[PDB]
Amino acid sequence: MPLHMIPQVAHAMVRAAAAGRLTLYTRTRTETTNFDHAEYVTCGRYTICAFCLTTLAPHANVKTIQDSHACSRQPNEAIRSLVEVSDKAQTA
Amino acid sequence: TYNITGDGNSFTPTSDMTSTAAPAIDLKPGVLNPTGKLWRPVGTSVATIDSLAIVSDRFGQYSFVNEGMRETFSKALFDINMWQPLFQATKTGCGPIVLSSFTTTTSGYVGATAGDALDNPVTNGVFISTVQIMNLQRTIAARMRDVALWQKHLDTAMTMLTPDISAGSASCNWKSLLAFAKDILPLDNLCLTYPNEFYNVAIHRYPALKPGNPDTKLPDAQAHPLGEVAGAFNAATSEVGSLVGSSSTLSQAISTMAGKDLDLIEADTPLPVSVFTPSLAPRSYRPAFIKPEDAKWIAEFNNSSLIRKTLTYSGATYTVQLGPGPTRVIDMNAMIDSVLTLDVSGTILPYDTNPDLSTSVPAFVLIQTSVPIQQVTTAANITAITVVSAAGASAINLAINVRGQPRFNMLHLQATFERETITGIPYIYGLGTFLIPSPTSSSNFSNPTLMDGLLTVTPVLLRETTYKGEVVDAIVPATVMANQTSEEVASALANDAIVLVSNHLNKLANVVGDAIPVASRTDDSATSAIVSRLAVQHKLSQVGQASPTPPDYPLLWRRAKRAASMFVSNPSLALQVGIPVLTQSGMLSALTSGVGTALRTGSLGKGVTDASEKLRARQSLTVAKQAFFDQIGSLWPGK
Amino acid sequence: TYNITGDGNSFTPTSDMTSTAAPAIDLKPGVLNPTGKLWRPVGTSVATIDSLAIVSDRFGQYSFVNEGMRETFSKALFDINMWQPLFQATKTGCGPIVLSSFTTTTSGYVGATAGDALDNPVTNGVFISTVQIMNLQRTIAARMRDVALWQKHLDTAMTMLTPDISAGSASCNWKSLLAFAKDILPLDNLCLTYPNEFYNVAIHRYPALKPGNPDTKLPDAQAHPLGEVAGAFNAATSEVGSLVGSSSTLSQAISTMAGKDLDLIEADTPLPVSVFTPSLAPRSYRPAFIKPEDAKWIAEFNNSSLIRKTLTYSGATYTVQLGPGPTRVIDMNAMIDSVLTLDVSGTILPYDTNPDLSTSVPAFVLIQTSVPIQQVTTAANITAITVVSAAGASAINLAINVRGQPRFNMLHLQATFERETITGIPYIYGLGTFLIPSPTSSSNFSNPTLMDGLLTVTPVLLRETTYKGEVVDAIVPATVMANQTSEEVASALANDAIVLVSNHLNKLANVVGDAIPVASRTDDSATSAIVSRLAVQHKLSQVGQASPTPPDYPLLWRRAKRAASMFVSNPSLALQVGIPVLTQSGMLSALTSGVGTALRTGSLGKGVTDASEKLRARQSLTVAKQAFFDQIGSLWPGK
Amino acid sequence: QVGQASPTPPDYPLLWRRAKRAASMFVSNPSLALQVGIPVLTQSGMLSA
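This is the structure:
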């Protein structure tokens, strides 16, 4: 799984983010809590990889850019978490 | 050359004179050779026979020239020659090549290998150089590309009122034709600039056509160029349509027999997959109303148990609700390697009356347990329920819901069924279902589940085709016989003996229909192969008065056309249980073999019926063409 | 031989030098002959001319040898010779055969028959013996099977970094390539044991490749073996891609035209079934929403009557309930011979609200009455209601019932429709229905019946194809024209003129697309045949000022591409009512005939567009190959 | 890379087997060539080859 129809499946990803439940899983650790670029975000079978923004495999062994891929979706991460939060516990 | 705009010119299209040119020639590699490269006894006198060095490849002296290739090639040059006056006028390097000049003397030893060549010396023959052929070809190609506009233009004319009477003979005022041509034809044509040339050429190619008025005395002739020869072979005879035709046709049939290698069918005991199997395609099966009894890889769980509430996701629940005919259990326990292409559309059928309408998806779940399905009564049993196939596993109203409809949008699901992933042992199952996170009311939605669409097995692993659930390196046609119900066949994986055999069998049929006159009720001697097997088989002798069967020859013969005809009409019947006499593989072996001999030494089969009919239709065609031309004569009686 | 592991060796793959060997040769029977067996005047002196006996077939002196076969065969021997050093080293009987030794003197009379042979004596030529050819072949076959491993191995190399530039020229460090090969290649290869031989051979086959360092002075040459010749013909020219290609292509088109025998289309008045019809397949039709008006063999009973309760079994009852659109009435009154393959799935639709849910089956019932359907108002009328098609005629919930669904399992029903069974007279009907033994409440289940699935007619009797309900020994294409609606076509039995014609017409189309440049908007002179018919037909003359049509040549020409294109895009349109200009069979006859001439004398059609494009693509390919090799150069700059 | 690059025991077993697999997939359905996300056939080079 190399990603196809990129902007759309991206769409979908983000829709999971927007409704809090996004499977944000880097190798061993279940959520990309800290900014350690995910490996498996289940976009209806499409395992999204934050490592490359693409899927399954990282772009390089340059953990700086790879994390940067991650950092890029700082909006996605933040929204996901945030929506979870609000839809659980928030501003009294 | 003669003024085209003259009188005396015949417009006689005849069968005898069927247009032809030289459109393309044979250039098969095999065919290029003949043969021996030319060599020398080192270079010293007649002593060194033991040793040869090839002549001067350097810039000249090569091999003994291909007799056929020379002859062919010279012919090719003659095509261009057909337009010589025109080339010349176009100033386009017209000068007729004279191939012969290229074909230069080679003198010494002839052979393929030094080996062979040592033995044979051939004094003062001919070679051609790589270089030379390079430059020769170059010229010819160039010539062709110069004519490419001309050819087209010539063609247009020849169709714009087509001089082609394939059958018999037509005649009409050429003048009339010609003048209407020039009254109707587009100005932008090369034909209108070059009338005189085009016509000349035409005349030179089409013996069917005569010059204007050159000597109005004698505008017409019976001797034309070479053409003629080739034409006689395309012209319809007393007993056959086309000689080339029937010859070609039959030869295509042979060669397909050749490629099949016959033997294929007469295989009981292991014939290797790779050998028997060509190229394979995916197939499409249903859950729905498939039959557990028949369907090896796809059976069902049985009513009564009830495995209702199962956790599906993180603290999220769906009632798989296992009881009365819950979709199907896809038995992918070492059933080759496939991709479970689930193609859901239509079917959604919203939960009974649950506000769990949103969050419910068409999904695939594989079940991975050492507890055989019939034992699976509680949650404990399952081992593994793995939801494989859902993607975004929530929901949206993809159903055409506006007008009340519960049509679900077309989904494409994938489950990479690689048996290596699991390697057996916790035997492999899968189910189909509208799976939810959002908890479903078990009491409410009493239906187990009704996710009924398509399941398009992708048999990826063209390696090692299955004989009836048996993953074998063997394809055994003759034993497949009478061991398959229609249901079974339908059910069967793509990767399975049955379809492969039919594909091969379809080529046999093809042959039979085109070549042997098994068309509308023609019982021919050709059909004798099957009857001879039948005749000997019927030797039902008892004591006293044995079977009083008035000899096989009418009786069985007619029965055997009938069953041939049934084979022909649908090839699969061969594989289908309970077919009177084809159930006997002997007869199919007999047919298979039989045909080839029948092609081989058949005295070129031309059905009497069809002859007469073709004759008649042909004539009537010509009539109406005449009448057309007549109308053209009427509307512009050109000069 | 030279050390392979040296410097100077070129890696120059060129179009000029396209790999080739001799993979297979022509061995057509026809081709085996040339010709005359050798005979003798009894055996006494020159007197007995009247009488000939064949020479000594016994153990020798046979026929005058096939010139072509000799030439061919010797070539074949040369293949083996290409590996002589290797054979020799393998100790595998290497010794080059020398075919010539086998070709032994025959001296006397030459002819096919005693007849013919009497006339012709040919002194001191050559024969070959049955025995001899036996043993010769034996050797060659053996040679081949000894090389079978080698060939493969050779091939692998040649693909594992493929030296094949089909277009133009590539170059890269052979050294580099070679060393990466030997750094990457599997150890178990024969190539790694036999480097020196394989390379030598390679070099001997692939003029595209040069030896190592043999004289680093001169490692390279321009003269290679014979190869070359055949290569030039596969190499792309100025105006054409491949010479062989286009030649072959066109010839395949011809021969398909040949086999069709053209004439086929120009048939008004009886052309015999057998002749026109090849091989036939079953088709699939629906009850459902088919149209009684159009569908010859399948119409409906009309709302208003009500034949509700009919005894079905022994003291057992079903309401057939005959009224508002009761499924369909299958009109199998002498409608050739078929097998009514009823394929029911989905449809069960349980009785309204009857506890007659169990015992209700999907069935077929034939109705056998001399009372025409519209007269059939009470039970009295029926004559015969025979329930034919149900098998176990009770029921079980085969419907996917769990989730509310009334999906009925896939059933296969059969009704052997053999009109001979009845032979007309009580005209033949049939219906479809959920038939019960267990009595159904007429008041309740007011619906007549709704057994709506598939009906796959199996037209078994490939004997005598039907022209539009008319069971005739005739297939008449030209009259079929404009007498068929889309509906009718769809409806029509498998055994019917229409589809047969299209099948033939599809081969015409195939030809046209591949050979004639009727691709994206290219109006070619070739298209002239249709226009010429159009042009003459348009002679709509009145009084005074007739039709002021600016000559046909732009006008009609463009209209006629349009409609050609429509034919090409869907062949069936030819048979479909209301098609502007194709409705005129004349134009289809014109096209049909027209094409053949167009192939015949066409100056090998190479679309200018496509040429340039192929050129460009080809170049860019080569570029990227270069770049690949480059990368390979980078990663292991082999020596 | 730098230092220890990809330690791939030569292509010849490895990639060879992978490549039969994907050939076989091509053969079994030709359309896969056009279909996104196919491991190694996605590279048009190999299809040209």
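Residue numbers (our numbering), protein chains in the order written: chain A, 23 to 114; chain B, 40 to 678; chain C, 40 to 678; chain D, 1156 to 1204. In this text, a Cβ means the ideal position worked out from N, Cα and C, and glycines have one as well.
Any C-beta of chain C under 9 Å from that of residue i
i	result
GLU457 of chain B	no
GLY147 of chain B	no
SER1186 of chain D	no
Residue burial classification, residue i (beta-carbon count within 10 angstroms, cutoff 16)
i	result
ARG184 of chain C	exposed
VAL104 of chain C	buried
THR566 of chain B	buried
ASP227 of chain C	exposed
residue 22 of chain C	No answer is possible for residue 22 of chain C: it lies beyond the span of chain C, which begins at 40 and ends at 678.
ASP118 of chain B	buried
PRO587 of chain C	exposed
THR488 of chain B	buried
Assumed close pair residue i, residue j - CB separation to whole angstroms, cut-off 8 Å
i	j	result
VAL515 of chain B	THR308 of chain B	7 Å
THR472 of chain B	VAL404 of chain B	7 Å
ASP370 of chain B	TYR468 of chain B	7 Å
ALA454 of chain C	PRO321 of chain C	Contact flag wrong, Cβ pair sits at about 14 Å.
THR366 of chain B	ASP491 of chain B	7 Å
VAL165 of chain B	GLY75 of chain B	No, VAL165 of chain B and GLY75 of chain B are not in contact; Cβ-Cβ is about 12 Å, not under 8 Å.
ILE412 of chain B	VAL368 of chain B	6 Å
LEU91 of chain C	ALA153 of chain C	5 Å
Cutoff 9 Å: residue i Cβ touching any chain B Cβ
i	result
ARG657 of chain C	no
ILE569 of chain C	yes
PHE117 of chain C	yes
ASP512 of chain C	yes
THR129 of chain C	no
Neighbour flag for residue i against chain A, beta carbons, 9 Å
i	result
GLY1192 of chain D	yes
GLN100 of chain B	no
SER433 of chain B	yes
Minimum Cβ-Cβ distance from residue i to chain D less than 9 Å
i	result
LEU224 of chain C	yes
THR497 of chain B	yes
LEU539 of chain B	no
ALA663 of chain C	yes
residue 740 of chain C	The requested residue 740 of chain C is not part of the displayed model; chain C covers only 40 to 678.
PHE668 of chain C	no
heavy atom of the ligand MN below 8 Å from residue i C-beta
i	result
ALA209 of chain B	The ligand MN is not part of the structure shown, which contains no ligands of any sort.
Contacting positions in the stretch 290-323 of chain B - beta carbon closer than 8 Å to chain D | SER318, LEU319, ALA320 and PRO321
Chain B contacts made by the stretch 1173-1184 of chain D, where a contact means CB separation under 8 Å | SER1179, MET1180, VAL1182, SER1183 and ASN1184
Chain D contacts made by the stretch 44-78 of chain A, where a contact means CB separation under 8 Å | none
Contacting positions in the stretch 417-431 of chain B - beta carbon closer than 9 Å to chain A | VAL427, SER428, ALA429, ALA430 and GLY431
Please go through the stretch 632-675 of chain B and give each complete beta strand (DSSP E) segment of 3 or more residues, from N-terminal end onward.
-> none
Which residues, in chain order, does the stretch 226-248 of chain B contribute to contact with chain D at a C-beta distance below 9 Å?
-> none
If you measure beta-carbon to beta-carbon, which residues of the stretch 389-413 of chain B are closer than 8 Å to chain A?
-> none
Given a limit of 8 Å on CB to CB distance, which residues of the stretch 80-101 of chain A reach chain D?
-> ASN83
Scan the stretch 599-638 of chain C and note each continuous beta strand (DSSP E) run of 3 residues or more that stays entirely inside, going in chain order.
-> none
Output the residue ranges of the alpha helix (DSSP H) runs that lie fully inside the stretch 526-581 of chain C and measure 4 residues or longer, sorted by chain position.
-> 536-554 and 567-576
Inside the stretch 299-345 of chain B only - alpha helix (DSSP H) runs reaching at least 4 residues | 312-315
Which runs of the beta strand (DSSP E), 3 residues or longer, sit entirely within the stretch 429-469 of chain C?
-> 446-454
Interface residues of the stretch 25-36 of chain A facing chain D [CB-CB below 8 Å] = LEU25, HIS26 and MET27
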